[PDB]
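Only one chain is given next, in structure tokens, and it is the form deposited in one PDB entry.
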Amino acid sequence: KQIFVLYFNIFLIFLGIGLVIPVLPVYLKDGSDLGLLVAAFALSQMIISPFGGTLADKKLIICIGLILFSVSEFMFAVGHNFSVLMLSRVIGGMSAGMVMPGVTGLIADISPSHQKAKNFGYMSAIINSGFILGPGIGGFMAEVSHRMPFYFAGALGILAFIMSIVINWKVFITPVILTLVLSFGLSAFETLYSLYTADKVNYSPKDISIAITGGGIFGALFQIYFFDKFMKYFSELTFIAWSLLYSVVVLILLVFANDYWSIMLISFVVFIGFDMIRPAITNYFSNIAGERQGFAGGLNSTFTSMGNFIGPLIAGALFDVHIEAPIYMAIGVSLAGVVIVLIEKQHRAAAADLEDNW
């Protein structure tokens, strides 16, 4: 019971990131502006991640972050000016950066024995599922009212508050870039996808929402089942490389797909690669520094937030330049991740053979 509330809390916190994706066209009333709000959320989270951890060193921080998230969501619901939306996004990012440290601290202590190694993988899966389903749930809730999703998210924030009431940096260079790859490959893509599908083949908010929700659900189920079943076939690095290659294949063939049902079916299966990448990256981080737990989680969080900042910002500009440019951006970032994985494999093999020769 006391663990499920934390999972729902972090799910809601990361859902608040993408809840603005399908509705901001209505709120704007006149690319970069669309990505600016999610960038503000991510930037505030990244700034107050180390500060949030320092505060957590001094819990009530989770409750205060939940209250701040609720009030931020409510002012976004009642917001009408660009400044108000900017401030609401900033407080939402502060809430995220004050709630995530508390959840990370409490989940490690709550999980007994060796269960925390898989608990953190499940937490990463929850992060990815919430981040992906954000736009889908937002589009579904916007059907009754375009202002509705923020009232609904604020309400769930109050309910979450009530329920909660009731070293060497040489190695970390590899996973961190990978953390900066996935968050770059995913967020930017998911920031543009809607608009892309609204311009290339003229989707509808209902169709966009059902496509995103189906992709997220299929990706999450495939993730859990065949991630339990798939770590035996390959290793962590080979699995990451293959997932990046699969994501590249899916994105490339999505670029050359114009039919309605083809686009829908590929969107149902486009989120498998990232959903399998994220827990693998978390396991890589855990293996890299077992003793330095929490610090590795801190780097994971700050660089995930940095990726969520960087992705949409240039994704909007590239979209303003070319309609499918963010797709090429994501493909290039995933190819760079593949190259980095190969380089790290070469370095690992060289070190291993050197040690064996010694």
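Residue positions are given as counts along the sequence shown, with the first one as 1. Think of the rigid core as the biggest set of C-alphas that the two forms share within 1.5 Å after superposition.
Just so you know, the form deposited in another entry exists too; it's not on screen, but the next bit is about it.
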Rigid-core-referenced C-alpha movement of 2 Å or more between this form and the one not shown, selected from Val255, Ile177, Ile266, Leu106: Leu106
Per-residue C-alpha change between this form and the one not shown, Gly52, threshold 2 Å, rigid core fit: yes
Rigid core fit then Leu24 CA moved by 2 Å or more between this form and the one not shown: yes
